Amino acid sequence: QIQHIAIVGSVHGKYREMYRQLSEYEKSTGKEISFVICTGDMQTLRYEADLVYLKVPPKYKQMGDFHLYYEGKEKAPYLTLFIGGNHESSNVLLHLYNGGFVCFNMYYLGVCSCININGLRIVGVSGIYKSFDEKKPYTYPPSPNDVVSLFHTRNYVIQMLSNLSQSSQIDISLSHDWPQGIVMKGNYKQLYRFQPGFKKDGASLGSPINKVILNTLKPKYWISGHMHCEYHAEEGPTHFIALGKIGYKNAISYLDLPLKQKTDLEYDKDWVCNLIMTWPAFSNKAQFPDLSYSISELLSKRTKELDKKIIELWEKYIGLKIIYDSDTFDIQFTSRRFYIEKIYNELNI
C-alpha cells in the first residue's frame, strides 16, 4: 500500500498547465495522486489589484491562472499544499501567515508550520534568504511599500521549527531556495555544466536559514524549487530534491511513499503547541514578531500537561482537521489570531 505524492517546483501562476500535467500522470500510469506539494512562486493573485504585491520583472507582471480557481471557474483536482516563494501575491500570504486555504484544495502552510497528512509530517519554510531582512519584523496590514521585503525568510522560523523532531521524525520539508551548502553534496559538476551561473556562489549557494533547519530536523526529504533545474543530493539521512519551473520537464516529480493510514489534512500537534506558546511574541497585530521576546525561552515553557491542554483547547475552538474556509483573508488573519490568543490566555501563565 503506497501513496503517490506529486512534488512541484515553481508554478509562476500556471495552474491549469500544472494540473493538466498532473492528470496526464494518473492516466499515463494509472497511478493515483494522494496529494500535491508545491515549493513556491505560486502567484496567488485574486484580482488585478493584487498585481501591486507581486514583485517580478516587468515582463512577468501577469495575472496568471490563480484567479480562475479563486472565482470557482476552475477547480483544483488534487489537494494542493504549498509554501511561498519570491514571486507571490505577498499581501494574501501575509494575511495567511498562520496558514490557510487560498481557495478550494489549495492550502498555504504560512510563513512556516508543520502539518499532518496520511501519517506524514510535513514542514514548510516560505520565502527566500536575504541577510538584510532576516531580522525585519512583519508589519500589518500589508503595504505596497513592502512588496520587496515581504517574501524574505526571517531568522525566527529557525526557533519556531527547531524542536519539531523531538517526538517523531519529519517526513518531508519544503523550502523555496536551497539549503546553503547542499549543492556540493550531489553531482554539482553535472549541475554546473548545465547551470554555469551557479559555480560562482560555490558552497554559499542557497539559504543559511534552510541549512540550519535541515541539519536540525534531518527530514527524510527536503524539497526545494526556485533554481530552474532538476537536482538530487544527499546530506546524511536527508534526500534533497530540487525542481524546475512549470512549463518545463524538470518541474514535476513524484514520491511513492508507504501509506500506513489514509488521513485527512490535519494541524500538527507540536506545531500547534509552539504556535500557542509563542503568542506573546505575536500579540501586536501591527508588528510581529516582537523579538524582545526569546522564541526559545517561550518554547522552553512547553510541558506535557500543558501541551495536552493546548491540543484539547485547539480541538474545541478550531478543530484538528484543516478545513476549507471561504472567509476573506483579512477575516481569517483576525480569526486565527483571536483563537490563538484565547487558548494562550486560558492556560493561565
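Position 1 is the first residue in the sequence shown; the rest follow in order.
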Q. Taking only the CA atoms, which stretch has the higher mean B-factor in the record, 192-200 or 233-241?
A. 192-200
Q: Identify the stretch, either 260-268 or 150-158, whose C-alpha atoms have the larger mean B-factor according to the entry.
A: 260-268
(Q) According to the Cα B-factor stored in this entry, which of the following is highest: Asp41, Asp65, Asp50, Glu305? (A) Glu305
Q.
Between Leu291, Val36, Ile318, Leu54, which one tops the list for Cα B-factor in this entry?
A. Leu291
Q | Ranked against its chain, the third holding the CA B-factor of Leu298 | A | highest
(Q) Considering every modelled residue of the chain and its Cα B-factor in the PDB entry, is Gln332 in the lowest, middle or highest third? (A) lowest
(Q) When the deposited Cα B-factors of this chain's modelled residues are ordered and cut into thirds, is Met18 in the lowest, the middle or the highest one? (A) middle
**Q.** Relative C-alpha B-factor of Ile209, binned into the chain's lowest, middle or highest third
**A.** middle
Q) Taking the C-alpha B-factors as the PDB entry records them, is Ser126 in the lowest, middle or highest third of its chain? A) lowest
